[PDB]
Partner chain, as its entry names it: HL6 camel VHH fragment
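Given next, in structure tokens, is a single chain: the form solved without its partner chain.
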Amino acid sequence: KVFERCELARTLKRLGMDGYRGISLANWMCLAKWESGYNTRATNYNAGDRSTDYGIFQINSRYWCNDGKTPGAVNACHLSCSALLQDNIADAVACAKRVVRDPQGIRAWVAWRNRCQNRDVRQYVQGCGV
């Protein structure tokens, strides 16, 4: 599914993302916007390294979920990558929380560094009731 902005913001808030390991809801929204356009079914094969990015946060198969076809990969979220393509984003949120338990936090996603870090991210949550 493709979420509408404020629908996603409320969804993420209910799932406990606001302030998770210091990351405001607006930062998660900016991340989802730029990675997938709020689209849970999105995929992107990385021909450079044979991994694939999955779902609304474009979580990558080398460390985070198992797709079987990524060489030398691990599955830290304990999920099939299929779980990251559901309309219900609970498993994607649990996995995003796992990603940010590692040292680099929200910086794990270069898109967040490019498009969200040190920016005014307030617009992503304006008017959503969060």
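Numbering follows the first chain given and starts at 1. Whichever C-alpha set is largest while still superposing within 1.5 Å between the two forms counts as the rigid core.
Can you check whether 87-95 or 43-51 lies farther from the displayed model in 4 other deposited structures of this protein, averaging C-alpha distances as RMS after superposing on the core?
The stretch that sits farther from the shown form in 4 other deposited structures of this protein is 43-51.
Name the higher of the two by mean Cα B-factor in the PDB entry, 55-63 versus 72-80.
It is 72-80 that shows the higher mean C-alpha B-factor.
Can you let me know which of the two, 6-14 or 118-126, has the higher average C-alpha B-factor in the entry?
Comparing 6-14 with 118-126, the higher average CA B-factor belongs to 118-126.
Tell me, please, which of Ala92, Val99, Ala26, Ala42 has the highest C-alpha B factor according to the deposited entry?
Spelled out: the listed residue with the top C-alpha B-factor is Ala42.
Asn46: which third of its chain by C-alpha temperature factor?
Within its chain, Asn46 is a highest-third residue by C-alpha B-factor, going by the deposited values.
Classify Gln104 as lowest, middle or highest third according to the C-alpha B-factor given in the PDB entry, relative to its own chain.
Highest third of the chain for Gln104's C-alpha B-factor.
From this point on, the text means the form solved in complex with its partner chain, which you will not see here.
Which of the residues spanning 85-103 lie within 4.5 Å of its partner chain in the deposited bound form, based on heavy atoms?
Read in sequence order, the residues that approach its partner chain (within 4.5 Å, in the deposited bound form) are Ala90, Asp91, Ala94, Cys95, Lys97, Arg98, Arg101.
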